Every structure is written in structure tokens, then in C-alpha cells.
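Comments concern the structure below.
Derivation of every value follows stated rules applied to the coordinates shown; laboratory data play no part. Cβ placement follows ideal geometry from the backbone for every residue including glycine, while neighbour counts extend to all protein chains displayed.
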Amino acid sequence: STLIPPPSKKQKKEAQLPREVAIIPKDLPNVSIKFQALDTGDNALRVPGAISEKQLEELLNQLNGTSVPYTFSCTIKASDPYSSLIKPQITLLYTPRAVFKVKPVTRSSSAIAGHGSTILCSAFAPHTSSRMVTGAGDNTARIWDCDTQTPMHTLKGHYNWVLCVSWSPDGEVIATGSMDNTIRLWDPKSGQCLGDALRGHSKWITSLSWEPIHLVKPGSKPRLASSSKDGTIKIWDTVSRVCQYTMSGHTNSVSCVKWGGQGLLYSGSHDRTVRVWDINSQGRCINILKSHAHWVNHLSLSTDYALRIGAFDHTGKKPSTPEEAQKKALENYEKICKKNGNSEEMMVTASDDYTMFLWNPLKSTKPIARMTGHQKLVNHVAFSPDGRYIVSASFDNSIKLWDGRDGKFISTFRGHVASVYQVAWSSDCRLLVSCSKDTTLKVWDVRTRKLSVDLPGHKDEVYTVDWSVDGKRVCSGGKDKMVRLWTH
Amino acid sequence: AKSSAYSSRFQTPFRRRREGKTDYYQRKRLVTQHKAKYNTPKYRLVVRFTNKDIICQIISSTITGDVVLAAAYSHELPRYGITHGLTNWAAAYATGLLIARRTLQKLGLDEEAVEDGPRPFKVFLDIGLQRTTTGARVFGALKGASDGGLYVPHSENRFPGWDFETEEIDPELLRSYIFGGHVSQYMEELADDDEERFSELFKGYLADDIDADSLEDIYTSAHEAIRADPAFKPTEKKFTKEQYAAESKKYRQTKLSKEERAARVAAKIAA
Amino acid sequence: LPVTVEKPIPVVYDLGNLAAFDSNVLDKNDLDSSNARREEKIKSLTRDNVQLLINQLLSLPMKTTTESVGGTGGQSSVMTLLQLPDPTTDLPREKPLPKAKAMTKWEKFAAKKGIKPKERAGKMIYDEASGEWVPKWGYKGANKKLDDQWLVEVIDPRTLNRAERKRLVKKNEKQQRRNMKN
Amino acid sequence: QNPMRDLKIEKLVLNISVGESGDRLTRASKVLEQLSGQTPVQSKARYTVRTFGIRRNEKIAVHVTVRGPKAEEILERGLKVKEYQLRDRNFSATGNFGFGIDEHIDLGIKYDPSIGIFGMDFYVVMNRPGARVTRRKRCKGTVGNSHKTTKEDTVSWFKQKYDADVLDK
Amino acid sequence: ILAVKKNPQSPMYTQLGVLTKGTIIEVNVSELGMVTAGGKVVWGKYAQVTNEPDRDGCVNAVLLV
Amino acid sequence: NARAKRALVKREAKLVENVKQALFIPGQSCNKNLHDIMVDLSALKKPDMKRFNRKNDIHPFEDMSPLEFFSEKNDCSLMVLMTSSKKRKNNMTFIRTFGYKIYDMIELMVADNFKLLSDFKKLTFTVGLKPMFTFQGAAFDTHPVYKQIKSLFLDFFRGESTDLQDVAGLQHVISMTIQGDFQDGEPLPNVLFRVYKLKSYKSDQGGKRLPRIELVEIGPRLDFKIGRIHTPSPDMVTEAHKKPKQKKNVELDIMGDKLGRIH
RNA sequence: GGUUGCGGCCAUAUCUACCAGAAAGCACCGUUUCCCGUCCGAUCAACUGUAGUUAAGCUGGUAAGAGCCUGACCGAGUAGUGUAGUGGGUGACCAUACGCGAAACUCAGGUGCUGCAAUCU
RNA sequence: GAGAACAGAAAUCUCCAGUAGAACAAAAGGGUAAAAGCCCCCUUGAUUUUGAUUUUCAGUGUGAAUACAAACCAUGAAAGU
């Protein structure tokens, strides 16, 4: 193997002297600092010195009147959180932490056997990390008890591949969009065919999406939304199993379907155009956005993390009634979204022209910024759970991290040697896992823009990656027909 | 009889070699393991099987001779709801899970700190004198301790279901040993062709009417109760130690004095 | 409470052994075998030294990695290690240094002229009828073939061949012993 | 007293000696095969003589060990040939006892001309329950003295079942 | 290319560096993105040349896997 | 075939050496107090130690041939011999050999106030960790016998050598102090011996980096007086400090890159 | 104070012969459908803790039973081995010195202590 | 020692007694007994890539030998060897 050059002779003779122990001398020649938030707050003239960076936190708690945690930074010059004077009046910027720590995911649990073909899609339950669903290259899906690393409840009932699986945002049903243009629903605890296979599309199903819980009528259940290679976007209500009303705007294949916080479906297609449907208007497109030069893959919203769980927070509890459920869901959405008091959900687009666009489709029909710098197609893009970081993966082995509010450039994550197929965030928005065309998975620490761990163990490509909601497990799988769970 | 010079010559083994409990060849390889790269402590999970008991202990050696961090005994499984079969595969699994969850709690992980990182807890399997067979219930404790969230290097060649000529595991046969599935197949298979040896074996089952389903249903709830409460509440321990001391100083035998042996010699010489 | 402490003459360090060397002034009438306050002085005059030593050790360069468990070498991503410098005190060895330079008369003959060593590539040769690769020595070596030939075409000649091989083997061993005696 | 320290049997051992490796050895193995239901093994020599017409490592003897019911089954079935006649010797200082007979066909077995006429051996070793104290792997021990088996215990155990004779002291 | 590991029909030609047919050469394979067990990155492997590159210019080789 | 060539080639002279093995030898005049300290000194040397059982009548300062024989046999570079008498009670002999031949020898003598882990308040320490070191007093830098005692205890109680070191292993410190200063001419003052075990608390005067540490006494606790010595000859000293031997204007850069200056 | 798991020293802890053992545990002990191994479910593996058993296993006591060890001014600071002044030598080299510096018989004593964890009429 | 049909002095079978009086790449004052002894299972090895010693006439980036180090490789449940 290739070796780091060995240290010289004078360097060895240097490394033996006494060396540089800091002392924290006195040290309170007091500097007047300016406590100012990120959004709008500048709250007010205090002059401390070299004090505890955990006492600055308590200062802010007692000042803003809550005693919560706060992260800090200064002089957005190298924008780094006595440590402000060891290297070199001075301001101070802060963000809320919402402390819920997620240890990294280092080891590797057992490589679970399973299907007889490759593994195409995988998803984690929103209520517990104990169950998890995978659709694979056979005509079936499977459920895995991650608690004991064992299989359960294989769901036969298709006759072609299963291309997307989704677990409803209430933890009640699972949906499997397949190759034969059927769509089937299944009960977790039983494994029985919940009715017959919904249908109505002429070519395969590309993506699925659910109705966010904070808008569903209490006493009822959420609805579906299905994309298909034919171009239709169909709605479905999961009690009557009837096609409510379709949408047929695009012309080429449609890649992905979303569902916003105000009831606005977004859809990007292979026709290089992003459409903004509507549900209060019976499904007539109200906005068309044409900015890309090639076709579009994997649009993504600003709140698509909060909209995915629906009142099942990181503490694994449950609701007993839709009354408490709807309040919990509204609280979640407001905690994630309300950073100015309005419905400022943004959208990010990823297309085959190496460039992404930063839309706010509500306020206007123009992009706020054009994020550029890749050198091959962008296969996947994602927003942070708190919404202030965009991560993008691409077929040129790189990953890029952008400031998710206006669209600047922050950093690049090198380290893969083949294409990056997709990425995923953790709960506390501090780590990020990614899978690639070569074997290895990689975990990156966003707080410092470095590589934390690099975990091999697969044998062929890897197609899916899913971190849990409470950060306890990470699931992966691909061309070698094995499921793999990684833990701390 | 025996030659007096031979008895003056021959040398004795170690005490625990005499009482054939310890393996002093394995112990060197397992304690003075590496040991030339760094100086890192080295804990070791031990598991032991008596009749009607499963014992697990996280042992750390030392100069004075040993220390114990966390222990677990199968005879606590009723506290979480398992009364029958306190020595089987499912009991081994539950004990492993319990010891792992207990030590994980006590170390302070969920609900010299420079260069901060949790640094998961690494331990090794002290098999003792147990023979290694594919299916033995000393690897079930291993599986349980691992699934509890402890880190113990291992492999799969000794789990039930490993096929030989085709080197790969089978998942379902393994899952049907975590929930007593073998014992339940035995129950449902023997409940028909015999009732003498269904009232002789599983005699304790009938006094509560536990059937061929609720085994799998109670093992899961046992796991849930374990993950909810590993805190190891002790026994109330009635009859404070002084009572036992005064009680068992009665049946305790006793030596004699020297002036006792001094008179018996004259009594003999007189007799 | 203070993590620091001052001493007049600076302690010398050997971080390659985790060793300190203090040379300040003692007091002859403090550590005597009968002074009551003896331990409360020893344990503190050594505790300040240990404080200086931990101060010095907790400021060395650290070496992180990105590997994970199973890594055949050692540490994983969740272990920081201190890069210790080399020791300085000349501590003596236990055996002399190894040197044994005999030329055995082959390294003299081969070096007077230009016989270079051989490349040491492989151990197999190619047999022609049969069609295998037949180790030259290492399994049924091409030597031990006139032994089981089914006819030799001229006392048994195969046994004479064995004897002639053994003679050269024993001569080689004798030559080696002679060289080693020189 | 005898709470549970009875004198139950342990196991029967058979044996056939043939100082050759031939059809004699093959059929000597065959009769054990068909009789004991299990398979018999071969045993080699240990050093040569050259006077008895043999070599070393010639797979001399064949034998089988039988425990449980099929031990006492043959123990009884092979008694009518000796006609209950067992001397004082053929016992041992440890009570292990056995004999050896000829003319196999006197119990069940037919002729099958291509086997011959094969004589056999016997043996029986006895123990009170608790034979694990020596054969186990952990805390391996040695039985006490009150529990040992001498000639008297075993000879009365014999003058319990089938009530054979003493046969010359 | 990175080396001429072995040329048939002589070792002297292996030394001189000749690229006839059947030669075994060592190529830099960082463009293929191969990762080994344990998570290292291969960047050099063996190939065999499969033509007479004196009757054309190209050297054509097949990787040895 | 090779299972003996292995044990033979383990005892060859190597460019980089391995740990020095210690041999514990009770002479003819051994007592129980003197023999309950050998175990506590071999504890802090585990596992690289070997002890002989019965008594061996060797008087080291007359005929050292049995010592050199034991070296060549047991393949141990260190030697601790236990003797007692009226002229020298609780006498211990520390020898280190060079090339299966004697290098230097030194007698030490114990007082009556020794202590044991059967006396102290017991604490914990893992079997095999490398200890720290502290040598207080200035005589270890200048005076001959006081140089020898330091160069002996380092060679004896340091174990492996390593470049990277984990911090969960720093768990006990050995310390040696001269009992008070002295002017030239006076008898050679006593040298003490102490073994401790660290404990560290949050500081708040140095952040999370530097803590405030505390010591606890575990055992043993010994005193030492100087006996007879045997010093190394100049030739052997110059032959025992040898570096194994494994460029102007030429430098190796980072990235590799052999470079040269032209001036 | 007993019992069990893991240990330090490794016969003050062993070889031999009898006696006692309540409760808890350890064991013998009950069975072969499943994973697993043998000539043989004997040892190894699996199950219930179920029908019994305290007889051996286990611990303890006893014995002018064999072995073992401790200490003392037991020898003694002597025999043994080394220098020295002039302490002497036709030749033979020989006595009491300061510093090194022993054992057997003698005497007296003993025949398991100790670390961590859980628990027990 | 004591015993089992042919069976003896030396043939096989079974129980209580080598602290080693056998066999050990091998010679020891001292070692090897849940082995370093005797069986059974799985397996390459003259592997590949640059610093110290020397020598190449295609003075020749490793070109080869050579010493050491690391990645591998075998085995094991593992500790590790």
C-alpha cells in the first residue's frame, strides 16, 4: 500500500522539546459583544470577557426569557463558532439547537438474507425503528424486524418488480408501486391483501406520496398520489379505493410527486418543466416553471421531512385520537417551517443539466437562485430537517452542501470513487449518510465538512439508504440480495 | 499405598486446576492478548450454565484478581414474565439482552472526556470449558447481548440453521429459536400421540394453562419490559446477615484445642 | 482546583517513556523515617509532578482515522491516540548488534567475475508429454521421475542415479560446514 | 442403606479376535453388524512377533459396545449356551464379569452357509448410579469408597437375576 | 501503464521493457473505481496484451480478474 | 520441524529488541517477609516474568557463573535475587546482563516498614498497562549510583515501546525520591519507592481539556538502602549503547518529492 | 457463617481412613421431536424443573496416619576463602587478624488465607 | 494388579493405580499433562510495494538480488496464533 512520507531527522529532533500548554491566564478584559440572531433579532449591550461558552447559552436563556440550547458563531470571516482571541469589537450570532443527540453509526449488524433478486427500495417505519420495509427485484416486498435482525411478513401479490414502497404517515398501511401498473396496500401487523390492486395507469409507477396528516379530516385517513411513466398523476382515497380525479398536464414521463403544507402538489417530469397542481381547484395546474435545459429528476421540498412522520416525534410515542394527533402534527409543521411566521416552504429542483434551481413557487414564479458547479447529472437532492441546508449528490463522485436559505455554496464532500446514488440526513441535522455505485457507505459530519466514518461490507452496488427517525439504525441494500443494518 | 520419597517430590497444580473449573491456557491467550501495540483496558463477558441457572458477568481482571461490572441471572425472568423454561435458548437470549441493556444504561448512553466520543463498549466471549457446537445455547446469550447494543465480535457458523456444504445462514429457523419455537413445536407435536408424557413433561404448563401460541406472545413483552427496566432492583433480603450468621454458627462444626489432644494421648497410654 | 503549579527549576520530560525528572530542592528533615507529616508531603511533591506531566501529555498531536471495527490493524474512528516522541536517555541493549559477514568462497568466486544472482521468479517447469506444470522440486519433482519410469534403457540404473544425487547432496552439506568453520 | 445406590448394569461388550485381515474378518464384522444393529470397528496391532504369522497394523479384532435394554437382552439370551454355569473366576476384583462361547446358532441366528461357525466373547461392567462424576468434563472427580463395587456386591447382584450358580467356589 | 511485470520468451526482454503479444503489464485502474474488502482503493492491477502492436499502434489488453 | 527453530530464532540479536524478561531467584537465606514482597514486585512486572520455586545457593559477588548460566537458559535479561543475613537483612540483588554476561550488579536493602496490598485500601489497575514515571531529587542526574538506580528502574518497569498511546491506559504512576539532599562524603541517603493510581475531576479553571488530578496510594511502599555494587567496564558501556544504523541539500518533501537545493 | 460464579498467591492448600451435613445453591438425578456426534444419547447436544436422592459429588472435623512449611542468639558471626605490617621460615610454609561468610542435628509452632458479585433459616 | 472361547512368554477386550521411568527438528540445571505427546477438520507461501547493503555499461525510476516494515494470506465462535 501507499505510505505517508516518514518524518525527517530534524523533525524528530524537534518533537522532543517542551510544548505549548495553554493556561487561560486571567482572563476578563471585557469586550462588548452584540447578541444578534439569524432571522431578525439583535438583542442588548453586554461586555463579558473569557467566560464559559455554556454560560453564554444561559445568558441567552435568561435574556430571551425561557429558563433552551443555543449554538453560536461570530463574524460571518471564516464564520467559526478565549478561542476568539487565541488566533487573533466582536459580534455574536446564534441558532437554536433542539438538543436531541444522535451518536454516529459505525458498526455493522448482521447481513440479513431475503429476496432472490436485487433490492430496489427501502423505507423505515415513522413510529418505531423496530420494523422496516423493502421492495426488491422479485415480485414481492418484505418486512424486517430490526429489533432481532429477523424477517417477517413477506407480501406476495404482484407479478412484476416492486419499484417503490411507502409507509403511510400514520403507520397504518404500506403501499407498493410495482412494474405491472398495479398499486397494492398492506396491513403491517397481519400481512393480508387489503382489498385488490388499484390501477388505472398504462405504464409503470415511478413515485408515490401521501397526504400530510396536519390537513386530514379528523375521523378520516390520508390519501395517496401516484406518478406513472405514462404521464398521469392520480389521486386515491384509501377507504373507497376509487380514483378521485387524475391530472394529465405533462407530456413525457413524470419522475416525482410531492405534497406541500398548503395543499399544493409539485411535479417535475422528463419534459423539463415543473408544474404546480392544486387540490382545492379540482386539479388544474396553476403554475408552469420552465428553467432547466434537460429533464428533471427528484424534485424536493423544504419540509418533506416533517411531512413524512406526522406527529410521531423522535420519542417513539403514539396518539390515541385524531384530536390530539392533529395538534401534534400542526405543532411539528410549525416548529419546522415557521422561521418568519408565514408558509415559507421552498423547493429545489435537480435536473440532467448539472444545475439545480431554488424555487419559492408561492411568492413568485421566478427562481430565487441558480445553484451550479457540478460536472455531471444530479441524481438526488435533499433539504435539512430544519430546512437551512441543501445537500446534492451527482454521478461525478461528489456531494455538495449549499446554504439552504438563499442558495450559496458552502462545501464539497469528496471521498467516493464512483457515482453517488443518494444521500440522507439524520434527525438532529448534524450527520449525513450516502450510498454509492461502489460498495462503501459514507457518514459525513456536517458541522465540520469532513468524513466521519467509511463503512464497507456490501459486495455490489447499493441502491437504497434510509436512516431511522430516532437515529438508532441505518438500512441499506442493493445488487447483492442482502439487507444490511448499521448501528452505533 | 504410596512412596514417601515420591510424595516428598511431586508438585501440585494450581488450586483451580485441581478443582477443574479454570482453563489456564485459554486465560493467558485471553488476558495477555495483544499486548504490544497500546495499553487499552480489556473487559470480557463471561457466561456460565449450571442446572436451572444462566449466569452472565462483565468481568475485568486486575492485579488484586478480578472485578465485576454488571451481572445477570436467569432466575429473575419472572420479574419480566417468564416462568417456564429458565434454561433454554429463549432464556439465554433474554439474559444476554438484559445484561447488555443494563450495562448500556449504567454507562450513561441513552436516558477522561477529552476528544469526545461515545466509544461503544467492546467485550469478548469467555466460553470457559463449554464445547462449541452449532446450536449450543452459549451463542444465544451472545446474540442477545449483541442485539442489546453491546459489541462482541463473532460469526454465524454456530447459529442454528447454518448449512455446511453451502456456507450461508437461514433466517427463519433462527427466528424460531428466539421465541421457544422448538419447544412449541414439541408441545403441539406431543399433545396428540401421547398424554402421559404430555402431563409428565410440561406438567407446570397446565397449572397456568399456557398454550402453543402465547410463548411467542410473552417473549416479546418480556423483551419490551427488559428494554423498559434493566435497573436491577435487588432483593429485600429478610433476616439481616447477623441472623444467618448466628443461625449457621450452630450447624457449623468446630476445631479443638491443644490441651485436648494433650490428654487423649495419656488416656490412650492408660487404656 | 488549579490545573497548574509553579516550580523554580523546570522539570525535564521523557514523553517517549511517560517519565518526569524533577531536580528541585528537597528538605532533609521532612522525609525522615519517623516524621509524622511524611506521606502528606511525598504524595504532594509527587502530585505536582504528575500534574505537570499530564499537562505535557494532553498537548501532543492526536491521530484520528476513518476505519471501523474489524480493521486488522488496531484503532477505529472512535479512538484518538497521542503521537509520542522518541526517548532520549541512552538505555543499554541486552544483546550486541547482529553482524556476520562471511563470503563462503562462492560470494568471492561469483564476485571476482560477474555472476549475478537469479531472479527467483517461480518453482514450476513445463513437462512436454505430459502437458502439466510439474514442480521442478516440490511435488513429484522432475528429479524423482527416473525413479518411477517404467523402463530406463540402461545393477539397477535408477538406484545408481539415486546414489549419484545423494553424493552431491552430501558434498553440498560438507562444503557448507567447511565454509562455516572458516 | 439403599436410597438410590442400587447396583444397575452399565453396558455389554462383545469381541471377536482374528489374527488376519480377510473374509474371516469381514464376516466376523458382518455377524456383529446383523446382531447388534450397530456397526463394528476394527483394531490394529501394536508391535510384531513374526512367530504367530502376523504383521503390525493388521486390524486384528472386531467388537461392539451395547447399552440400555439391548445390553441385558443379549446378557440373558447368551446364557442358555453356558447353561447358567459361571465359576468364581470370570468375575474380577471390580466385579466386572463375562465369559465366552461357541456355536453361534443356539440363539435365533440361522446358518447362512457363507459365514461359518463363529465363537464370541462377553462382558459386563457394573455401577451404582452417578457414573458422571468421572466421565464429565468440568469438575471431574473420582467416586468415594462407600460407593465402590467389590466382588461381593456383584456376586449377589448375579445371585439375583437368573439365579445362576457358583460353579466351583 | 506502470510496469512490464513479465514478458514471455525471455527475462532480458522483461528487463528492457518490450511490449510484444502475451506480455503481462501493470495498469493504473483508478478510472474504474474498484474498492477492496476492508475499504481500500485499488489503483493498480495486471493485464495481458492481446495483439501484436507492431502491426498497428494501439496496445490492447484484457484485465486479469 | 520448525517448532524448535522458532524457539531458537526467537533468541537472536535483532535490530529492534523486545521486552526484557525478569527472573526471580530466592537464594538460600529467604524468609516469609522477604518472600511476600517478590510477589508484589512481580505483579507490577506481569506478564514478562519467570520465578524459580526452590532455593538456589548462589553467592553473586564471588562466582557469577550460575547467574550467567541462568541467563543463557531462561533467556531473561534481568535478575532479582533475594537474600537475608545479619550483616545484610532483607537484601535484594538487582542484576542486568548483556549478551549472557554480567553488565552491572547492585544491592538494595529493605527496612521494616514495608507494606502490601494486604495492608492497603484496595484499588484497581488492569494487568498489562504501561506505568508512568516520576524521579524526584537532583542526584539522579549527576551522582553515579543514583544514575544507576534510575537507569535500572526504567529498564525494569517500562515494558513495551510504542509510538501511539491510548489515554484509557494511563492509570498508575511509580515514583522514586532520594530522602533529602546531602554534601559529598556523607553516606548515600535512602531512596524511597511509591506506587499510586490517578483520578481526575472537572476543573473549570482549564476547560474540558485539562483536568485536576488526584492520587491514591495502592501499594507497595518500600524504602531502599545501598549495598555493594559492580559497575560496567568502559568497553561494555561503549558496546551496549549502540544505535542500529537504520544528504546535504537533498530533502524529502511532503507528497514524496525528493528535492535538491542549488545555491 | 454456609453455597455459587470469576480470580491472586499455587501442598500451611496434598496422598490416606472414618464421621456429620439442617436451609439455599451445586450435583446425581427425569426424557430424545427439533440444531448438533459418536461402535454406543456413555461423554458432547437439546427439553421440563417435571417422578424420586442426600448415597456418593461438595464442604467441614478428627489422626501421637505419611508430606509440607514457619521462626530462634540451633550452629555463629563461627568453619570455609581471600590479604597484612616483620608473625616466623637451609630446605618443609606454617598460629591468633579486619572486611565476606554457610548447613544438620536443637528448640517452638502451623496443617489455608485472601479480592469482586449475587444470595441463603 | 485383577479379570474375558480357542489365547500361551510375547495377538485382542474391559476396570483401578506414570506427576511422567515414552516421545520429544533437540542435548541440558530446569521444561513440556484439558500438551510442545497421539488422533481428526480446513488450507498457501519462491505473494506485492519503497527507505538501508552492492552492482548494472544502454547510469538503466527499481532492474534484480538483499535487510527491515506494511497491505494480504490461512485458521478460529473469538482472544489471538
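Relative to its residue count, region A:107-487 spans a Cα convex hull of 126 Å³ per residue. Given +1 at the Cβ of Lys and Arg, -1 at the Cβ of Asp and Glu and no other charges, the dipole of region A:107-487 around its Cα centre is 440 debye to the nearest 20.
Each 5 Å bin, from zero up to the one with the longest distance, holds this percent of the alpha carbon pairs of chain D: 1, 7, 14, 17, 16, 15, 13, 10, 5, 1, 0, 0.
Sorting B:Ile269, A:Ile410 by the number of Cβ atoms found within 10 Å of their own Cβ, with the fewest placed first, yields B:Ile269, A:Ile410. Cross-linked pairs A:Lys472/B:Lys28; A:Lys459/B:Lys106; B:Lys2/D:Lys140; F:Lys20/F:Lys130; F:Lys10/F:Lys101: Cα-Cα separations exceed 26 Å for A:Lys472/B:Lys28; A:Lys459/B:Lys106.
The alpha-carbon of D:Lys30 sits under 29 angstrom from the alpha-carbons of these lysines, leaving out residues fewer than 8 places away in its chain: D:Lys11, D:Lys44, D:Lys59, D:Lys70, D:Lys80, D:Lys82, D:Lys110. Per-residue packing, averaged as other Cβ atoms within 10 Å, sorts the ranges F:128-139, B:234-245, A:394-405 into the order F:128-139, A:394-405, B:234-245, beginning with the highest. Given the pairs D:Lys8/D:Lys161; A:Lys101/A:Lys327; A:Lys26/C:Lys41, which span a C-alpha to C-alpha distance of over 21 angstrom in this model? Where the Cα-Cα span goes over 21 Å, the pairs concerned are A:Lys101/A:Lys327; A:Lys26/C:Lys41.
Mean residue ellipticity, 222 nm, helices only, chain E: the sum of -39500 (n - 2.57) across DSSP H runs of n ≥ 4, divided by residue count and rounded to 500, is -2000 deg cm²/dmol.
One quarter of the surface of the convex hull around the alpha-carbon atoms of region A:15-67 equals 6.2 nm², the direction-averaged projected area. The alpha-carbon of B:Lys250 sits under 27 angstrom from the alpha-carbons of these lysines, leaving out residues fewer than 8 places away in its chain: B:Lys237, B:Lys238, B:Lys241, B:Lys258.
Per-residue shielding of F:74-80, expressed as the average number of other chain Cβ atoms within 10 Å of the residue Cβ, stands at 1. In terms of its Cα atoms, region A:237-306 spans 41, 29, 19 Å along the principal axes, sorted from long to short. Taken over the C-alpha atoms, the protein assembly as shown has Rg and Dmax values of 41.4, 127 angstrom.
Given the C-alpha centroids of region B:1-71 and region F:84-162, what is the distance between them in whole angstrom? Cα centroid to Cα centroid, the span is 29 Å. Pairs spanning more than 26 Å between alpha-carbon atoms, out of A:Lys203/A:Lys479; A:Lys12/C:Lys43; F:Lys73/F:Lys197; F:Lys46/F:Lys199: A:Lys12/C:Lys43; F:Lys73/F:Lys197. Centroid-to-centroid, using Cα positions, region A:1-69 and region A:89-137 are 32 Å apart.
Going from the residue with the fewest nearby Cβ atoms within 10 Å to the one with the most, B:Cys56, D:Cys139, A:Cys243 rank D:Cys139, A:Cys243, B:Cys56. What separates the Cα centres of region D:93-114 and region A:417-488 is a distance of 74 Å.
Rounded to the nearest 500, the 222 nm mean residue ellipticity of chain A from helices alone is -2000 deg cm²/dmol, with -39,500 (n - 2.57) taken per DSSP H run of at least 4 residues. Ordered by the count of other Cβ atoms within 10 Å of each Cβ, fewest first, A:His292, F:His143 give F:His143, A:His292.
Under 19 Å from the Cα of C:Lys174, which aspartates and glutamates turn up, not counting those fewer than eight places away in the same chain? Candidates past the 8-residue exclusion: C:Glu107, C:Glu164.
For A:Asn139, nonlocal amide neighbours, meaning residues 5 or more places apart or on other chains whose placed amide H falls under 5 Å from its own, do not occur.
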